[PDB]
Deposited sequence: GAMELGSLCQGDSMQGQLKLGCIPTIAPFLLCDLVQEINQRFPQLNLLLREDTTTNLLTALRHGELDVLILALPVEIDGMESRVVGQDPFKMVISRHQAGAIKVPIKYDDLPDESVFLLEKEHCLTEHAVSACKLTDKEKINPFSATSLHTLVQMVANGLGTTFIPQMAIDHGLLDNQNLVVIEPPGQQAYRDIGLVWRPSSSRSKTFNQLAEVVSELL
């Protein structure tokens, strides 16, 4: 018979936005499988506002977000920075000169995600895109289909470095360019409820995530 028998044990419900989740969480899972093998991560992917509601309502324990976004009343910790690049099709790379000058781009040549995705506000502000006439009026609804439109030669867009590092551009014959701006990156952060009893778990997770960025 046998005798019947800690922060990083057990189950955690973690939410993450669509422009992060496919990239960073692959690396996070591989690290915690080894370093914290009793931690089971139930994962939810949703856009920022929906994730915040789920966190406040106790449907999720912790979020991995891009910051800043509205997180009144929550506790957060910034864990690293994720650079922005621009991308254009190799077959349009000639007809667009580098360094990129937005005034030199055609009108309606910049494609962006619908505004429920925080990537659009982060990129437009961090890369100083102030001329709204360069933005195409057709809004993209996923990072993958945004990139596919650029690969079809339709214009250009801003892409986070973690997507590039995880192969998002593979086999799509794209060129990666630096945007304008001295602070062309987004912060990445973990967000949780102040009344949680699991802050030690979240801060240990925070340290793991920071090492992936």
- Which runs of the deposited chain sequence never show up in the coordinates? 6-11
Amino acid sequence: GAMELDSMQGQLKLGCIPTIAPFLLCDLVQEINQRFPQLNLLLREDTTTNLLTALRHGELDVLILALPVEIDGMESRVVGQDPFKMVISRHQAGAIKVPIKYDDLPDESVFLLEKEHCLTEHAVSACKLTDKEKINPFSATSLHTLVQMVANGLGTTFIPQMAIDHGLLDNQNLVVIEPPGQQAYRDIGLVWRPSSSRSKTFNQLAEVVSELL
From here on, numbers count along this sequence of modelled residues.
- Query: Do the CA atoms of 126-134 or those of 83-91 have the higher mean B-factor in the entry?
  - Reply: 126-134
- Using only the Cα atoms and their B-factors as the entry lists them, report which of 179-187 and 159-167 averages higher. 179-187
- Task: Would you mind checking which of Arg35, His144, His57, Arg44 has the top Cα temperature factor in the PDB entry?
- Result: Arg35
- Would you check the entry's CA temperature factor for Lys115 and let me know if it's in the chain's lowest, middle or highest third? middle
- Item | Where the record places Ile100 (Cα B-factor, split into thirds across the chain) | highest
- Would you mind checking where the Cα B-factor of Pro22 ranks among the modelled residues of its chain, as the lowest, middle or highest third? lowest
- Query: Mind checking which third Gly15 falls in for C-alpha B-factor across the chain?
  - Reply: lowest
